[PDB]
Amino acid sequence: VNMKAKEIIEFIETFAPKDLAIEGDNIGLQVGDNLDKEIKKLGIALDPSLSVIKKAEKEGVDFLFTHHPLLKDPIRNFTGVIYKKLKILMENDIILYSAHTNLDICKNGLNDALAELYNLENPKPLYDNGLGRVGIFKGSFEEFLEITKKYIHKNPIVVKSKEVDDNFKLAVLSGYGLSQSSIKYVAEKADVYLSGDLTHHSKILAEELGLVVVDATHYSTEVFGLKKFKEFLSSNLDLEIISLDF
């Protein structure tokens, strides 16, 4: 009737194998010791934030799955916010486990979810490492925008660098894909780039290159696919599953 933590981890890693993760990505077990324990309640979150972790404790979550890792940069002192987070997780024996870029890259992962939403014709990986998707959007720019506003984020920032003809090349990248080097790279591959976390220098670069950029936010472009992932888990596992920051 009940699942062990290691069995949940096994199921997740079958869906999104850890070796799909890009170099250096802190995927896998973040916080935990005994993985033979039976799990009462699974929580899903975009971020292992202090609010999310307090909510997990509040809601009786003992297996906390997040997309973003707890720490990118390693530390050797435990004070302030990280102290408050670890204290809640350790005192309550809550396991924290992450699937980050392996969940972005895998089949039916976060980037596939976007490609399917826009029904990309002949989709291909955007980067060599498997991040992102690119293909033809069979419709007008205005229809593309409507889908974006309806399903992802209502007031996306649009950098309308040039006019966009019907049946354009659409690149999608869930999360933060709007770095300067990404703008330069994707400008060679697509007419329109849908992603998150636009900043000023990247906006200027897109305008110079004629790449239309749509910032539908880091949060919404990932949560769209995370919601799919949650349904997938719910359909397949005999486990109570809740979302914490979406």
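Numbers for residues come from their place in the sequence shown, where the first is 1.
- The mean C-alpha temperature factor is higher for 120-128 when 75-83 and 120-128 are set side by side.
- 185-193 and 44-52 differ in mean CA B-factor, and the higher of the two is recorded for 185-193.
- For residue 111, the recorded CA temperature factor ranks within the lowest third of the chain's modelled residues.
- Residue 94: CA B factor lies in the middle third for its chain, per the PDB record.
- Residue-level temperature factors show residue 133 in the middle third of its chain, judged at the C-alpha atom.
- Split the chain's modelled residues into thirds by C-alpha temperature factor. Residue 222 is in the lowest one.
- Residue 37: CA B factor in the highest third of modelled residues in this chain (values from the PDB entry).
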